[PDB]
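A single chain, nothing else alongside it, follows as structure tokens in the form deposited in one PDB entry.
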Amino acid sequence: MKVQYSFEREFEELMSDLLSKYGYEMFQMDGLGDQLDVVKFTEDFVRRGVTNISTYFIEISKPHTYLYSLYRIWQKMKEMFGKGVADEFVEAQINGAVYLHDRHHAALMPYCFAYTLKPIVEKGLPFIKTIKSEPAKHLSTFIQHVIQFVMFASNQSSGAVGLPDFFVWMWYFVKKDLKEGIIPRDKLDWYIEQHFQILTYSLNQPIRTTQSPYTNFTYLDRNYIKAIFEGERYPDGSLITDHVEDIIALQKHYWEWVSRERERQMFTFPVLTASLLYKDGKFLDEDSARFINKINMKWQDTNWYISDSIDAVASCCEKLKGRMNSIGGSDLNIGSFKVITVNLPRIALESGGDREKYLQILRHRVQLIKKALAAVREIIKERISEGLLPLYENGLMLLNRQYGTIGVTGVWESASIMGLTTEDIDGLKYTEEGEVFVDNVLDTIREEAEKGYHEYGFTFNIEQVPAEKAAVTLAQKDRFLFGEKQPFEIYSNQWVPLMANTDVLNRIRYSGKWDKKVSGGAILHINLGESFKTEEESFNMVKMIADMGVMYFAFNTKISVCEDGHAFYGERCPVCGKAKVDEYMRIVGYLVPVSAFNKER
């Protein structure tokens, strides 16, 4: 049976011309071949047996909503910029010169946001319109509302649901219920922990599919609490800044509880970050920094965020400032509506090793990505006007607080193809001409991101993206097109590859030079041979790393699990005595089970 999809004549002509030029195999690699045949797709899915039937109904329509989104983006770009520019983008997306993230969602909903819970506390759940819900009056109903909000928001967006001020609002309800005698003192710590447990297990127990929503928590230091909440009041009229020491103590209690709970059961969410202010050789909140250094000795389960100023966060709750990162540590009231990534190894292959030629091609392709992002933003505005995205109508997601993102991947592999990498006793490194080359690539992307605000009327950022699927897909398309000239099976997501032996001093130096050029849109893994021998050792090393200008980092760890999910180190579980079956490590910046995750890439 042949079934019709109704496209304009010009788009049919383009798709036919591209099939002529590249062949059916190119379409098959991009997800637009036999995946569109519902019968073949279904009979393959049911025979692959972990997965249950709820996954089928989510996956079956993804090729069809991708095809729709690519058509709608072509239509809009043709209207804004002309037919030639539109045709150029569709060709670049199908052949792999660029990568459109969340492509099955791209003409329908936005990427991510880091939320404040103030509207939830004051107004309840106003975005659910079939019933009127009253604002919470006690701790149990506050916790219920937080869970419902996370689940709602994860089906109105493709990426992370961030909650950096969670502990600020939880403290209010703890104190209220204590003063009222709802919670007796002799039961206060029991009560707090039982709510920690309900929230945490809910965020790791998937109802549909086999994966939970992606969530983030942040430990806010005393400087951050004070700068963000100056002037603001709780619903009882008291000043939030009058309660800083109680908020700090509730944050410390959660971090201690979760470190103990991992022996009983290992889990991924929420992803943990600590945000610290550091200047001229010292931490401005030294008590919090020493605390995080102490608790991390067990599992290294928390990522370090370091900043030298709180100016950007003072004014959060026209050019946009504030940190945006897809792993964790995005500032309160900041997000991104869409990411589109440039394939850097492709440009290396096209240039023949001529660096001036490389920089010309790069500048043109970044200009193309800006016009595609502008068109996607116009489509999101349409959806808001059509009544389809209530998080925007109700003041939770804010469009004027979201960037358009220019992504990068394969920096190392690109330099390697150009002839600009080497090795010595201290491991893999860039040549002297290589460090200059990377300087020039990032400075050039930055120039164009800045010009965009005056060109298009909104703000652009740059990220070295996690690239969970793109790192594999881009390398495969390049090998299809260029053969043995492209010798890598996967591209890298850090300045030096995750599993390279590069001296710690060189690694730290490189992140010191280049994190600032992407305004904190990256992460560094520190390669420590042997575990830390003492607390003071660890702390001296943290201070060294911060001194050199690294903005976001985490220490290496390899955590074992048994078949019943207990976490430990070594080959035999100390709880039940069974052998290890897998291990948890950071592959794209957060702790995951490695065999399953690597299969999923």
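Residues that one form lacks are left out of the comparison. What we label the rigid core is the largest C-alpha set whose atoms superpose within 1.5 Å from one form to the other. From 1 onward, residues are counted along the sequence shown.
*Among the other compared PDB entries, is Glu79 dropped in a third or more?*
Comparison shows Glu79 kept in all of the other entries.
*asked:* If you look at the other compared entries where the surrounding residues are built, does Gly33 lack coordinates in a third or more?
replied: Looking at the other entries that model residues on either side of it, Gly33 is present in every one.
*Scan the PDB entry between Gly49 and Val50 and report the missing deposited residues as one of none, 1 to 3, 4 to 9, 10 or more.*
Per the deposited record, the segment joining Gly49 and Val50 lacks coordinates for 10 or more residues.
_Unresolved deposited residues lying between neighbours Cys317 and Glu318_ = A long stretch, 10 or more residues, is missing between them.
_Which of 62 to 70 and 543 to 551 has higher mean CA B factor, as the PDB entry lists it_ = The entry gives the higher C-alpha B-factor average to 543 to 551.
*Residue stretch of maximal mean CA temperature factor, 425 to 433 vs 393 to 401*: Result of the comparison: 425 to 433.
*Please pick out which of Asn506, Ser326, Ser492, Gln75 has the largest Cα B-factor as recorded in the entry.*
Of the candidates given, the C-alpha B-factor peaks at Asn506.
_Residue, from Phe568, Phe41, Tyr56, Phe27, that the PDB entry assigns the highest Cα B-factor_ = Of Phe568, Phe41, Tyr56, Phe27, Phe568 has the highest C-alpha B-factor.
_Position of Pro466 among the chain's modelled residues by C-alpha B-factor, lowest, middle or highest third_ = CA B-factor rank for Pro466: lowest third.
*Once the chain's modelled residues are ordered by C-alpha B factor and cut into thirds, is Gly231 in the lowest, middle or highest one?*
For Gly231, whose C-alpha B-factor we compare with every modelled residue in the chain, the answer is the highest third.
*Compare the C-alpha B factor of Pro206 with those of the other modelled residues in its chain, then answer lowest, middle or highest third.*
For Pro206, whose C-alpha B-factor we compare with every modelled residue in the chain, the answer is the middle third.
_Could you place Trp255 in the lowest, middle or highest third of its chain by Cα temperature factor, using the values in the record?_
Within its chain, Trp255 is a lowest-third residue by C-alpha B-factor, going by the deposited values.
*Among the modelled residues of its chain, does the C-alpha B-factor of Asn216 lie in the lowest, middle or highest third?*
Its C-alpha B-factor, which the entry lists for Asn216, ranks in the lowest third among residues of this chain.
Here the subject shifts to the form deposited in another entry, a form of this protein not shown in this document.
*Select from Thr210, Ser385, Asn155, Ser309 the only position whose Cα moves 2 Å or more between the shown form and the other one when the core is aligned.*
Per the superposition, the moving residue is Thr210.
*For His454, decide whether the Cα shift between the shown form and the other one is 2 Å or greater, given a superposition on the rigid core.*
After core superposition, the C-alpha of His454 moves less than 2 Å between the shown form and the other one.
_Superposing on the rigid core, I want to see if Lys132 changes position between the shown form and the other one - specifically a Cα shift of 2 Å or more._
Indeed, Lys132 is displaced by 2 Å or more.
_Consecutive stretches, 3 or more residues long, displaced between the shown form and the other one (C-alpha shift of at least 2 Å once the core is aligned)_ = CA shift runs, sequence order: 129 to 132, 207 to 210, 526 to 528.
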